[PDB]
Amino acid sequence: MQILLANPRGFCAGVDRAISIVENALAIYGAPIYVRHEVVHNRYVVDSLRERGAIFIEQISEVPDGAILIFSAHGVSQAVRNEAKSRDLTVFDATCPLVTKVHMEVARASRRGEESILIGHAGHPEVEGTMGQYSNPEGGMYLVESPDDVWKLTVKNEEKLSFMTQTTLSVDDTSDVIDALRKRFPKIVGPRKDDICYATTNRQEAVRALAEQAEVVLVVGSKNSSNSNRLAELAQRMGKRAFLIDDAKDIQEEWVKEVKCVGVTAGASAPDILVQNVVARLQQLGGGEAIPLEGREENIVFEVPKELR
């Protein structure tokens, strides 16, 4: 059995920054360090940080006065931010810069009383934080997840309308949604394409190349990782069996028995060690040396704030 590795795969600039923020805060201030939501959606990372004294909470009420609070890489709403500011908390923000970029545009439309539409998945923390940048009752903030949602949406003033997107969406499905938005609201304004980040676009392009060779694709990532699910989904739609897994122990022999080519990739929040362990398991199951596919070289890095270096 041949083992192929997608490239790029694994950690993106925002996830590496956000994890370092929490690690550095624990070294500087000691336990406990409060973190609003899993810093990144990865069980291995989260479990480890708990171990070292990080405490993960959903609501600011859970945090004692005098505490240090870190906002997750997915971002938070202005309401949450202000609730944290009204309290006597020391706050560090691990929101990824590429999510903050979107937030700034939503706040601008809110200040103008002009409506905005967000393409994304209901209930996800990044969608809660981005929708949570809009607070003007004169305008409006609407969420659409599909073309059918666009077909049913009515707004107050489609002459002054703009859109934004979640950073981890399917590139292909978002394209369909935007096509619909432009047909329904011909004066709608947005970015040149969408707010899907470089890491999401690159991992999806890489898994596409991987799936065209591999019969089976294993995506290292947790169940609640949006971007990771998009990678398994993409391979599955190409007609390949694809499994989202947290670690090598999740691999069932049936998935790769008699398979000549198995591909491995990892979501933006999954540490490289998990991929190494998955490769080791596939080798014990008959696989040879892991072969990295050629890919788009990534070079962006986001530094931790100086106060945590």
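For every residue, the number given is its place in the sequence shown, counted from 1.
Checklist entry - 146-154 versus 167-175: which one carries the higher mean Cα B factor per the record? => result According to the entry, 146-154 carries the higher average C-alpha B-factor.
Item to check | Greater mean Cα temperature factor according to the PDB record, 269-277 or 32-40 | outcome: 32-40 has the higher mean C-alpha B-factor.
Item to check | Candidate residues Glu23, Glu298, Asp16, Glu289, the one whose C-alpha B factor the record puts highest | outcome: Largest recorded C-alpha B-factor: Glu289.
Next on the checklist: Per the entry's Cα B factor values, which of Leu282, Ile245, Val46, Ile57 stands out as the maximum?
Outcome noted: Answer for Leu282, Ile245, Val46, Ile57: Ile57, with the highest C-alpha B-factor.
Item to check | Third of the chain's Cα B-factor distribution that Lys223 belongs to, per the entry | outcome: For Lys223, whose C-alpha B-factor we compare with every modelled residue in the chain, the answer is the lowest third.
Next on the checklist: By the recorded C-alpha temperature factor, relative to the other modelled residues in its chain, which third is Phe185 in?
Outcome noted: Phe185: CA B-factor falls in the middle third of its chain.
Checklist entry - In terms of the chain's CA B-factor thirds, is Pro97 lowest, middle or highest? => result CA B-factor rank for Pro97: lowest third.
Next on the checklist: Per the entry's values, where does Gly120 land by CA temperature factor relative to the rest of its chain, in the lowest, middle or highest third?
Outcome noted: For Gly120, whose C-alpha B-factor we compare with every modelled residue in the chain, the answer is the lowest third.
Item to check | Among modelled residues of the same chain, the CA temperature factor third for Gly129 | outcome: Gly129: CA B-factor falls in the lowest third of its chain.
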